[PDB]
């Protein structure tokens, strides 16, 4: 809760080369994510009664926040949560394909990893403008693939995020320019499915 902090990236900026360039990792983490944390803290600073609330809870209750900070919390709180998840999902050294319980749910519900990749790729490519593509779980045990605009996080709608892929141009412009599809092909090489499994089990 408040004051929110920029999480450690956790590995060297060049750990994901040649899939994601080092310069992007640094700017994405230090500048983009760093700015969302600053702005989120700046919004919440004037309302002490919201100081002990986790960001997930603020996002599930946007409509209850003072009107003058709802957009700032949505954008920046969503930006903080989304990127926090993203850095963990990109941790080197994990399974490159779904494993464990998440694997069984994916096989059962989508027919297997190949079918999921295709659906997640379609949702990411179809997100016009800035956004994120997601694999989420609902309270009823079903998995869904969807995309959200800008920094909106699926917890706003009651879902629990499992995998998120950043499709803002800043996530891929330096190395791939307009070629979002090439960026998506490369992301599969660095996703950590042991981390996705933890997210899946935890909720």
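Residue numbers count along the first chain shown, from 1.
Mean CA temperature factor is higher for 49 to 57 when stretches 49 to 57 and 154 to 162 are set side by side in the entry. In this entry, 103 to 111 shows the higher mean Cα temperature factor of the pair 103 to 111 and 82 to 90.
In the PDB entry, the Cα temperature factor peaks, among 140, 172, 36, 134, at 140. Among the modelled residues of its chain, residue 95 has a C-alpha B-factor that falls in the highest third, as given in the PDB entry.
Residue-level temperature factors show residue 147 in the lowest third of its chain, judged at the C-alpha atom.
Remark: residue 121 belongs to the middle third of its chain, ranked by C-alpha B-factor as recorded. Among the modelled residues of its chain, residue 188 has a C-alpha B-factor that falls in the highest third, as given in the PDB entry. Ranked by C-alpha B-factor against the other modelled residues of its chain, residue 40 falls in the middle third.
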